[PDB]
Amino acid sequence: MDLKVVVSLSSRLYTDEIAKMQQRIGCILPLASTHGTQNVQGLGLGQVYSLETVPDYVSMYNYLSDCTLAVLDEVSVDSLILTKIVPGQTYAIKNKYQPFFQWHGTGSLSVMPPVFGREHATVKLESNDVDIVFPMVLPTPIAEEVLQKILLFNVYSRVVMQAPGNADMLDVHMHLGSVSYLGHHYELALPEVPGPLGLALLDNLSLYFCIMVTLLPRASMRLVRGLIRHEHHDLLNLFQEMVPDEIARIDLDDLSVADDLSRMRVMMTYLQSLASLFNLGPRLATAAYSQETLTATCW
Amino acid sequence: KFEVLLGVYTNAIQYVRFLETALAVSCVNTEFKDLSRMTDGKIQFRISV
Amino acid sequence: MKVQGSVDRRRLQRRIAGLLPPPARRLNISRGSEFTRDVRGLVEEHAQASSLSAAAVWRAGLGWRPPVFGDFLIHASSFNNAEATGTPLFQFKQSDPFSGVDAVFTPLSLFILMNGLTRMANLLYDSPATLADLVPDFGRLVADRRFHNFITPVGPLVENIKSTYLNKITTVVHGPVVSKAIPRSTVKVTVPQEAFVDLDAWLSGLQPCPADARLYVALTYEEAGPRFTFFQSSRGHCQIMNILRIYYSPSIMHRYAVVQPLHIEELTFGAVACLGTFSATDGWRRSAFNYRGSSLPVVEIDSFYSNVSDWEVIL
Amino acid sequence: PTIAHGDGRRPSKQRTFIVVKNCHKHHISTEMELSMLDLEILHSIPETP
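Protein chains in written order, with full-length UniProt numbering: chain V, 1 to 299; chain S, 51 to 99; chain P, 1 to 62, 84 to 136, 150 to 238, 254 to 364; chain X, 100 to 148.
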């Protein structure tokens, strides 16, 4: 019910880094194991993310969700005082990310690996030959958008192999490259080569997709095939007057409510399971916020 | 009728203190009142050659 | 000329005397004067706890964690009088008559219904046809695969007042498991050691160790009938399902014959729920049952915080 | 008694345990004889030397 964790440093502070660490007060980082005394290298995210190593971000998500998360509380010349995240406790939080994102009230926050920039969220302590890597806390919308972009890139990279360069320039860096915000645009770091352990999510995705596409309903296809041709809609701006003929080929047979209903039941049941393969991030609920202090109360 | 029972207790302590040990000749022992507050300390030797 | 030592006991006595919470207020109703005096103390305490004017009237300086008890009534055949306290139980829904019996179920009762541990379960239940009478559509609900929706987890039992036909049962629903009769003596939760798979060792830099380790529950329709499995893992709700599917793949390969291409109602391989959370870095303990034909080894885990979850589809 | 530890491990709990012994019982038996004549003449009253 009361948890205070001290991490001891063998070497000294080396004040060159302490100022940057001190304006870095009150922010999250995941620690290795829950004990009163910790090792210095297990403290940051520096273990999972080596400088020479190519980033595979689903592995970073897997490491990040497993480890306990801690609130930085105070840096001392030889000490790191951090209270941790008890699952049933409420505490304040204050954040400053160099990719700076503005929060709303009662908006759930997701914890993610620092996909944007290594120099940004990582502080090198070469005195111990270590590097403290802070994780990224974002509002849930932008979090799921960025994760989806990451997985779609991990697919289309395997796809765009041996295709015209017009595939190489466009899909690889038009939508999978940048993430927008209100009058703002942030680039992403992209894995030069497709990463293993990322598609391990995609295999399960393909499984669910096979099972779901075995049980798709019929009437919805008829409604859409009618509405694209007879009427105009903004959601139907995507489809032009021409229809993908796949829908025409599946559509051929008549309707029956008794068939649609059991398909709908099993489709609903297979839709509750996707939330496990889509979250991959510990979520924090907002209770109150002040832009004048940038200090919210997450939960 | 309520029964009250007695069961005996023993202690295996032995009186032991730091100064009464001989090791205390190795160190020099000062009592600092508020040691948790002190962040860091240092000694600065200046040696002429 | 004693040394006086290095640490002082006056400080410890003082700070601990400061740490003790004030005593609960007994109210004495049998005697008049004691009643009046405790009522005087009550009005003074409310005057001392609610007036922003003064500062000593500010008392909030320096948790309520019993469990939420829920009582179920069950027939004396659908429950052994000897079955140990704290075993997780799972509940079933009756259609019209619910007041007669609740028909709460035990893991050995599920092993019996589903058809060493077999012999123990028979030495508990020789003639378990009432067990078949509790679920009339068992043979129907194995195929309709709606069996998991109705089996809702109830978790560990604390007390069972014993009667001829009915049984009174108190069940921990949410919160840590605890008792009532005394200053809240604790209990522990037992699951048989066989038919339990440790998924943190099934695949066995350094993997990180979390604070809390969770227990999941899953229900699988194999060609050798349905079966239940509970999993002691710690990684995450997003990874336990993937690792479990990887585990079941050799059993999933066999279901090509049974599945129906026309009717899609049978396809689901199982569902996973999360029962509760316990302390990691400890493990569990080994004990056998002490009944007449008791040969089953059983794992038992301390520090169980019962936080039941729903059944989630896996395939 | 117990020692204080400074490492990362949880603090060692103070330990008091209960030790119960059993009391044995021994029996000893000796046999002795007295001839009937030795016991008879005690009741008779001797006057002549």
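Even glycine gets a Cβ: it sits at the ideal position worked out from N, Cα and C.
Review point. What three-state label does DSSP hand residue 160/V in the structure shown?
Key: Here the question's residue 160/V lines up with position 160 in the first sequence. Residue 160/V: coil per DSSP, three-state reduction.
**Study point:** Helix, strand or coil at residue 32/V according to DSSP, with G and I counted as helix
**Key:** The count along the first sequence starts at 1 and reaches residue 32/V at position 32. Note: residue 32/V maps to coil in three-state DSSP.
Check your understanding: How long is the line joining the alpha carbons of residue 262/V and residue 175/P, rounded to whole angstroms?
Key -> Taking the first residue of the first sequence as position 1, residue 262/V is located at position 262. Taking the first residue of the third sequence as position 1, residue 175/P is located at position 141. The C-alpha of residue 262/V lies about 16 angstroms from the C-alpha of residue 175/P.
Review point. Closer than 9 angstroms, Cβ to any Cβ of chain S: which residues of the stretch 5-22 of chain P, in chain order?
Key: 5 and 6
Point to revise | C-alpha distance - residue 19/V paired with residue 179/V, whole-angstrom precision | key: Reading the first sequence from its first residue, position 19 is the one you call residue 19/V. Reading the first sequence from its first residue, position 179 is the one you call residue 179/V. Straight-line Cα distance between these residues: approximately 31 angstroms.
Review point. Could you give the distance in angstroms between the alpha-carbon of residue 169/V and the alpha-carbon of residue 175/V?
Key: Position 169 of the first sequence, counting from 1, holds the residue named residue 169/V. Position 175 of the first sequence, counting from 1, holds the residue named residue 175/V. One C-alpha to the other measures close to 11 angstroms.
Check your understanding: For the candidate residues 7/V, 140/V, 255/V and 57/V, whose alpha-carbon lies nearest to that of residue 82/V?
Key -> Within the first sequence, numbered from 1, the residue matching residue 82/V stands at position 82. Nearest option by C-alpha distance: 7/V.
Review point. How long is the line joining the alpha carbons of residue 272/P and residue 183/P, rounded to whole angstroms?
Key: Taking the first residue of the third sequence as position 1, residue 272/P is located at position 223. Taking the first residue of the third sequence as position 1, residue 183/P is located at position 149. Cα to Cα, residue 272/P sits roughly 20 angstroms from residue 183/P.
Point to revise | C-alpha gap between residue 33/P and residue 43/P, whole angstroms | key: As a first step, residue 33/P is located in the third sequence; it is residue number 33 there, counting from the start. As a first step, residue 43/P is located in the third sequence; it is residue number 43 there, counting from the start. Cα to Cα, residue 33/P sits roughly 16 angstroms from residue 43/P.
Point to revise | Span of the alpha helix (DSSP H) around residue 14/P | key: Against the third sequence, residue 14/P aligns to sequence position 14. Taken as a continuous stretch (DSSP letters only), the alpha helix (DSSP H) holding residue 14/P covers 9-19.
Review point. Can you tell me the Cα-Cα spacing of residue 206/P and residue 130/P, whole angstroms?
Key: In the third sequence, the residue the question calls residue 206/P occupies position 172. In the third sequence, the residue the question calls residue 130/P occupies position 109. Going by the C-alpha atoms only, they are around 20 angstroms apart.
**Study point:** Residues that residue 91/P bridges to, as DSSP identifies them
**Key:** Taking the third sequence and counting its residues from 1, the one referred to as residue 91/P is at position 70. Beta-bridge analysis with DSSP links residue 91/P to 205/P.
Review point. Under the three-state reduction of DSSP, which class applies to residue 349/P: helix, strand or coil?
Key: Residue numbering aside, residue 349/P sits at position 300 when the third sequence is read from its first letter. It is a strand residue.
Check your understanding: Between residue 62/P and the ligand HEM, is the CB less than 6 angstroms from at least one heavy atom?
Key -> Annotation note on the ligand HEM: not contained in the displayed structure, which lists no ligands.
Check your understanding: Based on the DSSP secondary-structure assignment, which residues constitute the bridge partners of residue 323/P?
Key -> Indexing the third sequence from 1 puts residue 323/P at position 274. Residue 323/P is bridged to 265/P.
Review point. Taking Cβ positions only, does residue 429/P come closer than 7 angstroms to chain V?
Key: No answer is possible for residue 429/P: it lies beyond the span of chain P, which begins at 1 and ends at 364.
Practice item. Ignore the nearest five residues each way along the sequence and tell me which others in residue 106/V's own chain have a CB closer than 8 angstroms to its CB. Key: Sequence index remark: in the first sequence, residue 106/V carries index 106 (1-based). Correct list, in chain order: 285, 286 and 287.
Practice item. Return the first residue and the last residue of the alpha helix (DSSP H) that residue 184/P is part of. Key: Within the third sequence, numbered from 1, the residue matching residue 184/P stands at position 150. Element bounds for residue 184/P: 181-184.
Review point. What's the C-alpha gap between residue 153/V and residue 172/V?
Key: Taking the first residue of the first sequence as position 1, residue 153/V is located at position 153. Taking the first residue of the first sequence as position 1, residue 172/V is located at position 172. In a straight line, the C-alpha of residue 153/V is about 7 angstroms away from that of residue 172/V.
Exercise for review: Would you list, in chain order, the members of the stretch 69-90 of chain S that have their beta-carbon closer than 7 angstroms to a beta-carbon of chain P?
Suggested key: 69 and 70
Exercise for review: List the residues of chain P that residue 276/V touches, going by C-beta distances under 8 angstroms, in chain order.
Suggested key: One-based indexing of the first sequence puts residue 276/V at position 276. What residue 276/V touches in chain P: 286, 287, 290 and 361.
Practice item. Spatial neighbours of residue 38/P within its chain, please: CB distance less than 8 angstroms, with the 5 preceding and 5 following residues excluded, ordered by chain position. Key: Taking the third sequence and counting its residues from 1, the one referred to as residue 38/P is at position 38. If we look at residue 38/P and ignore the five residues flanking it on each side, its Cβ neighbours are 25, 26, 27 and 28.
Check your understanding: Taking C-alpha atoms, which residue in 52/S, 57/S, 55/S and 68/S lies nearest to residue 4/P?
Key -> For the purposes of this step, residue 4/P is taken as the residue at position 4 of the third sequence. Among 52/S, 57/S, 55/S and 68/S, the Cα nearest to that of residue 4/P is on 68/S.
Review point. Three or more beta-carbon pairs under 8 angstroms between the stretch 289-308 of chain P and the stretch 155-164 of chain P, yes or no?
Key: no
Practice item. Just confirm the distance between the C-beta atoms of residue 54/V and residue 195/V, as a whole number of angstroms; I'd bet it's less than 8 angstroms. Key: Taking the first sequence and counting its residues from 1, one reaches residue 54/V at position 54. Taking the first sequence and counting its residues from 1, one reaches residue 195/V at position 195. Sure, about 7 angstroms apart at Cβ, within 8 angstroms.
Review point. Taking only beta-carbon atoms, is residue 221/P less than 7 angstroms away from chain S?
Key: Indexing the third sequence from 1 puts residue 221/P at position 187. Output row for residue 221/P: interface = no.
Review point. By a C-beta neighbour count over all protein chains shown, 10 Å radius and 16 as the cutoff for buried, is residue 257/P buried or exposed?
Key: One-based indexing of the third sequence puts residue 257/P at position 208. Per the 10 Å Cβ criterion, buried.
Practice item. Determine, using beta carbons only, whether residue 350/P and residue 223/P come nearer to each other than 7 angstroms. Key: Residue numbering aside, residue 350/P sits at position 301 when the third sequence is read from its first letter. Residue numbering aside, residue 223/P sits at position 189 when the third sequence is read from its first letter. Yes, the Cβ-Cβ distance between residue 350/P and residue 223/P is below 7 angstroms.
Practice item. Would you tell me roughly how many angstroms separate the C-alpha atoms of residue 140/V and residue 203/V, rounded to the nearest one? Key: Working through the first sequence from its first residue, we reach residue 140/V at position 140. Working through the first sequence from its first residue, we reach residue 203/V at position 203. Using only the alpha carbons, I get a separation of about 24 angstroms.
Check your understanding: Of all Cβ atoms in chain V, is any one closer than 7 angstroms to the Cβ of residue 254/P?
Key -> As a first step, residue 254/P is located in the third sequence; it is residue number 205 there, counting from the start. So yes, residue 254/P belongs to the interface.
**Study point:** Closer than 7 angstroms to chain V by CB, residue 189/P
**Key:** Indexing the third sequence from 1 puts residue 189/P at position 155. Chain V contact via Cβ: absent.
Check your understanding: Between the stretch 264-281 of chain V and the stretch 211-227 of chain V, are three or more C-beta pairs nearer than 8 angstroms?
Key -> Yes, the stretch 264-281 of chain V is in contact with the stretch 211-227 of chain V.
Review point. Do the stretch 58-77 of chain S and the stretch 133-151 of chain V meet, that is, are 3 or more Cβ pairs less than 8 angstroms apart?
Key: no
Review point. Which residues does DSSP pair with residue 131/V in a beta bridge?
Key: Numbered from its first residue, the first sequence carries residue 131/V at position 131. Beta-bridge pairing links residue 131/V to 124/V.
Point to revise | Unbroken alpha helix (DSSP H) run spanning residue 20/V, endpoints | key: Looking up residue 20/V in the first sequence gives position 20. Residues 18-22.
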